[PDB]
Amino acid sequence: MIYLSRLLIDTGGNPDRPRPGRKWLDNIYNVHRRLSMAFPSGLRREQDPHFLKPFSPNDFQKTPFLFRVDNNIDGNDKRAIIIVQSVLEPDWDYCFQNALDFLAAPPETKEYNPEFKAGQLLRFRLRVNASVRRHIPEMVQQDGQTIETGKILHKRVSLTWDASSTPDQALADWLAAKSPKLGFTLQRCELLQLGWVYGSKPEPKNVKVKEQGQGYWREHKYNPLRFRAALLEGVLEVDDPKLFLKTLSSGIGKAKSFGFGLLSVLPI
Amino acid sequence: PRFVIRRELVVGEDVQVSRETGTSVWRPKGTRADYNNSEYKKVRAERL
């Protein structure tokens, strides 16, 4: 089965007070990690039920989940919504048992068994990673004069349109170039919000050999993480059954570990 | 019975004065670890 969840964050009120939940959302590595401890090891939940031990990546089960973050829900209060889709049952009472100030409402979970027929009108919302891998020459220095070096870089850059086409048309072309393999066809697709996402990540680096030996002394060094994001909403029609279900809970684009593929489907 | 005389010796010219060669007071250990020492920053970084 498929499991969907919702988390609510205030993100508002008095700006003069500490707001740890508001601070948690500025980094996407932290958001992904915080969703990632929501699944302990059969042994871990018997070892520390209080979640008061050092966190290591190896004592938690591995599952390729997908998530998206949304905003602007009114009702005289501001809210931030995290929607998590996974193939195992999340344990929301273990991830946030010492972090209740993050959220303005207790978490909720429900089952999801979506069964469809071919040729069905469906409403979808998706934020896509607009990236293309390209060949780039190497520019260095730029100390008032550009120095060229013959190395050609294979790097992942954003998709680029020309000067005479709208971004929505090029994004729709990029999505309809891919929709035959996933199992769907477009009729309409408009661009809502396009932008960048920054993240920072700890990475260990060696410094000095221990005098007593057995390892190093080490120091954390932090590496940037830049991605392109474009949020899209539209109406699609199904072309294959086990193929649309092959599209769901697997992803459509790249960077899925950092919340870049999630299909939210409504039968219109 | 025996015969006894008395003599005197002024210090500083034919007998020297040795140093203390030790510690008298005991006192407890050192609290107040310094937070600008290099070993502290190295251990803090490794623990992080």
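Derivation of every value follows stated rules applied to the coordinates shown; laboratory data play no part. Reconstructed Cβ throughout: ideal geometry from the backbone, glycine too, with neighbour counts over all protein chains shown.
Listed by position, the helices (runs of 4 or more DSSP H) enclosed by the stretch A:5-82 that each have at least 1 residues that are in contact (Cβ under 8 Å) with a residue 24 or more places away in the chain and of a type in the set (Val, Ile, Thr) are A:28-36. Scanning chain B for residues being within 14 Å of chain A (Cβ to nearest Cβ) and either aromatic (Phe, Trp, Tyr) or surrounded by fewer than 10 Cβ atoms within 10 Å (Cβ to Cβ) (or both) gives a total of 5.
The number of residues in the stretch A:183-208 that are within 12 Å of chain B (Cβ to nearest Cβ) and aromatic (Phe, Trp, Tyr) comes to 0. Of all residues in the stretch A:7-30, those that are closer than 22 Å to A:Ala229 by Cβ and loosely packed, with under 14 Cβ neighbours inside 10 Å total 2.
Residues in the stretch A:79-91 that are surrounded by 14 or more Cβ atoms within 10 Å (Cβ to Cβ) and of a type in the set (A, V, I, L, M) were compared, and the one that is farthest from A:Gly259 (Cα to Cα) is A:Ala80. When A:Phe260, A:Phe227 are checked against the criterion of being part of a strand (DSSP E or B), aromatic (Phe, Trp, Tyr) and under 20 Å from A:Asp26 (Cα atoms), A:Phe227 stands alone in meeting it. The set of residues from the stretch A:187-218 being closer than 27 Å to A:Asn27 by Cβ and among the small types (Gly, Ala, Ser) comprises A:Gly195, A:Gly199, A:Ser200. Screening A:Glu211 against (1) assigned to a strand (DSSP E or B); (2) within 14 Å of chain B (Cβ to nearest Cβ) leaves a single unmet condition, (1). Determine, yes or no, whether A:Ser250 is out of contact with any strand residue (DSSP E or B) (no Cβ under 7 Å at 6 or more places or on another chain), within 29 Å of A:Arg33 (Cα to Cα) and more than 14 Å from chain B (Cβ to nearest Cβ). Yes. Looking at the stretch A:92-108, which of its residues are loosely packed, with under 15 Cβ neighbours inside 10 Å and in contact (Cβ under 8 Å) with a residue 40 or more places away in the chain? Within the stretch A:92-108, A:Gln97, A:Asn98, A:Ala99, A:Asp101, A:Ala105, A:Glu108 meet the criteria.
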